[PDB]
Each structure stands twice: as C-alpha cells, then as structure tokens.
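Below you'll find only one chain, the form deposited in one PDB entry, shown as structure tokens.
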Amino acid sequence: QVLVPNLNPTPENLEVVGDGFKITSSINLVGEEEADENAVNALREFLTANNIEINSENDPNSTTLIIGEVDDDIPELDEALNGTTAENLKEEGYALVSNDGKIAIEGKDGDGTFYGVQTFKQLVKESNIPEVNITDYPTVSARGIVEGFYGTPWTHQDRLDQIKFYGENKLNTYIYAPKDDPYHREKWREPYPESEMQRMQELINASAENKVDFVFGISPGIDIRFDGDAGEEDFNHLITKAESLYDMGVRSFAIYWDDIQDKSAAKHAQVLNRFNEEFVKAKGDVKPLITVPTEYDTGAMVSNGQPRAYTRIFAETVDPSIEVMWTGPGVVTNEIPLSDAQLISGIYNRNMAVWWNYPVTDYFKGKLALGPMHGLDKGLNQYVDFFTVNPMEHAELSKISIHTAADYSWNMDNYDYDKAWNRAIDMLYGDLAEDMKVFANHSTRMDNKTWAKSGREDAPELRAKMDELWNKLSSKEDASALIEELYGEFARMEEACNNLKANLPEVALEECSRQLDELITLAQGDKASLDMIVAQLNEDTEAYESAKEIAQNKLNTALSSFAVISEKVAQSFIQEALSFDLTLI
C-alpha cells in the first residue's frame, strides 16, 4: 500500500519512489525456472496463501513480478530494475524494486533471492505494495540461534516452526545443541535410533528450504578420553557420529567444551585440530568448525587484560579456521562493549562468534525473557562475524527476542531496541499486540540475584512515574493527577492480562499463563498500594489498614509463586508503598 508496512529485518537502503499500487488477482511471473529454487517455492507458497493466481500466458496488463540472480541473463529484470542492482553487494544481498505495476527481485546469489522474497512478503498488505527501491545485505554473515540451554528440549514440531520462522526473518544459522538431549552430551557416543534420524532428516530438509545452516553440536566433555588407545577409540566415536549426520546432509558442526571440570586446553584443542583436519578439510564441503572453550566468558578467560592459563594454551593451539564462541564479559551479562570483543578477538587473533545468553531462562525459569537484544555494541561486527542467541525452552515466546536479534545482526548500525521490540510484537501478535506489549513490557529484565543479569529494565516509563510519585509526595506536593494516572496504568495491566488469557493462542498461552496471573496479582497490589497512599493523605486510618492488608497479601502471593515478573517495578512498588509513612505530619 501507499505506506510501507513493518519490515524485519530493517533493509539497509530503502526508499519510497512512488504512490504504491494494487497487485492484480493473477500476475505475470518472470524468472521462475532460472531463479533460486527455494526462493521460488517460498514465492509460490505466498502466492497460493494470498489467493494471487499466476498467468500461464502473460499480458492482460497484470502485475509483473520478475525474479532472478545477477549472474542470469535476464533482460526484463535489468529493464524492471532500471539501474539498481545487487551486482556489488555482499553474499546474501539483494535488490528489490516495486514501480508502476512491476516488482523486480534480484539476488546477489541464491540466498539473496530468497531474502528478497521474504522482503516482498513483508511488503505486501491486502494486494497493495508500496513503490520502493531497496538494496539490502546483512551486517554479520552468520545470524541465528543456538539451542544450547538446559531443560526440556524443543519438540520436533517446535524446531520446524522455528526454522521457517528463521527463514522469514533472514536468520541463517541453527545450532542443534540441547544440553539434555543425551545423544548430544550424556551418551554422546551412541548414534541416534533409526527414527530420531527420520526427524533429523526433516530438520535438515527444512533448514535447506529456508537458507539456514543446520549445525550439529557435540559435547564430549564429560567422559571423553585423550590419552593412548582410549583416546583413539573416543576420537573415532566423534568421526562416526559426525559422519552419520554428514551422510544425511549435515555440513556444519560444533564441538563444545562449556561447563565441564576438565581444564586441559591442549587436549581440547588437539581434538578440535584433529577433527578439523581428518573431517572438515577431508570432506571439502563442510563449513568452518565451531567450538566454545571451557573458559567462555571474559571473567573466566582473562586476568588483568591478559589471557588465563587455559585460554592462553587454547588460543595458541586452536587452528585459525576454527570459529570460537564466547558469551561476553560474563555468562549472562548486561553488555558486550566494543572493548570486550576487541579484547577477546585480540586474544584469539580473529573474528569471534557470540553465544548470547538471552532470552535463555534455564537458570531462572520463573521469568520469561520477553525483551529485545539489549547491551550489544552497534559496532560489534568489527570483531564478530557470527551472532547467535541461546533461547528459552519456550519456543513460541522466544520469537519476540529472536525477532529483534534478527534486526540487530542484519542491520546493526541502525538497530533501535525499543523500535525493534515494538515491531516484533506488532508483527507477531496482530490484534493482540497492544495487550501483549503491556504484559511483555513487565518481563524484559533477567536477574537471578547473583551471577546472572541481562536485558532492558522492566517497564521503564512506569518505573519513572513511580519515582516521580515518591518525590512529589516526599516533597509534600500535589500528586493527585499522577496518582490518578497510576490507577489507570494498574487497571490497564490487569485488563491486558485478562484479554491475553482469553484470546492468546494456546501455544503461547501454555507458556505464560502463570506469569499472566502473577501480573494480575501484582497490578491488584499496586492498586491497593495507591489506596494506602490516598487513605493516608486523607487521614483515614481505617481505609489505610484495610488497603495495607490487601497490598501485603498480593505481594506475599507474588513472592511465593513460581512465576516471577516485574520485580523492580510492579512488585517493588508495593514494598515502597508499605514502607512510605505519609502520616508523619
């Protein structure tokens, strides 16, 4: 339409060049047989879904859609593009032009054509398409998800849905590494049963269809042996287990050393160099080997600007072709400043991979991590060419944070976490988006009270309003308009939560029903907290006492519950109100 819809990720260069036009009921398609197979299917599926027919002939002044790669000799495309091209973009880059009853998609390579089609899909709203000239390409070459958490692994259905979801948002990496799949870690030696294999084949296939590298991770750390013939048999077990997966089409692999006791850096890396030599190089079509060392956060890797002993030997031993992940300054931390990547990258003498622990909640499962990528430097691409997030065991609600990770890593320099976060929920939740924002807003900051802290603060604007209320009140100023405003906010929280319980799809609701009820409880305690303030100002001892018992119950209910939400806002406000003695004349 006239207006450009929400797009994700944010295209590098987009310009509106006209008024927009309505695509016709059937269209002329050019380039099908010569253009990327996966791109065309995704194009077909979108056409089928939106009841847009294809002409088996051509003209009747129907909309023309031209699709192809720069390398193809396609004149209609050249003409339809009219000077703009993907010729000089990086891999996965594309050019899209919609003008005057024509849409032209040109990829730099097949991946770029597929991605062009995803942008086309996001651009079309009720047959209306804006008129734009786009050139697009990612900041970072590897973008995706590592299923690396503890707890119930994603179901097969979950994974397939996730893969399609990655393709649509232009993420190209899925690392299969769940800690509590025994065939990955606890029984890392034994092959998959001849039906978990069938499920593997589907994962592999779906990833191919969506331009996602399926990375198979193995974590031998617990009981692997290195010395003598034990070490040899155990090494062989890696190869046979990897080949078993290569044989069905796995062309990316990871060997992980995270959270084991064994700190033998030379042993770990020689296993990696052995595998890199006798497996990766020998096969010729396997991507760079990926790893994570026993020391994987800056606190664990570094001492006063220098590598620790393990890190030193690992860095100096591991092959330059091997991609090394780290998590940042801590395992779950506020930030990765440019200076942290510079440091670690300097130690390994290369571009690093990030294993980012958000939205993962395995260490603190009562809270859902529902905020955007936050704290990650917008120039990280200077030292990082591989960005993954470790998600929650809750596949569906992970989409929100994943959605924003896709924008951060594709278009890093323009990344706006607030805008990305709003876009994620808008694009995911539709009619329910405004209610979903109210609830998810209260559930962004992860904090286990000890080693793990990350994410945008919960409900900052509400927090600022609460702060404003206390200083108006402790200054003896009129806070009545603010009090009234805060009543509106607490009522609004409870009503959003109720609309969500009533209207969310079950697949999302089964993941958040407890945290929903908890924000309701909290909102009701916040309401009772204002009642306390008002009764005090009014010198009504009775109304105060009654409100205090309610507020105190709601807080106690919240504190005892499994579910955790809004600790520093909705919850703490009640503690603040209980402790504020407004009657001291």
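Residue positions are given as counts along the sequence shown, with the first one as 1. For clarity, a rigid core is taken as the largest C-alpha set superposing within 1.5 Å between two forms.
This next part talks about the form deposited in another entry, which is not shown.
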{"item": "Position with Cα shift of 2 Å or more, rigid core superposed between this form and the one not shown, options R189, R251, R312, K472", "value": "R189"}
{"item": "Core-superposed C-alpha of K211 shifting 2 Å or more between this form and the one not shown", "value": "no"}
{"item": "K179 C-alpha moves between this form and the one not shown by 2 Å or more, core aligned", "value": "yes"}
{"item": "Core-superposed C-alpha of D71 shifting 2 Å or more between this form and the one not shown", "value": "no"}
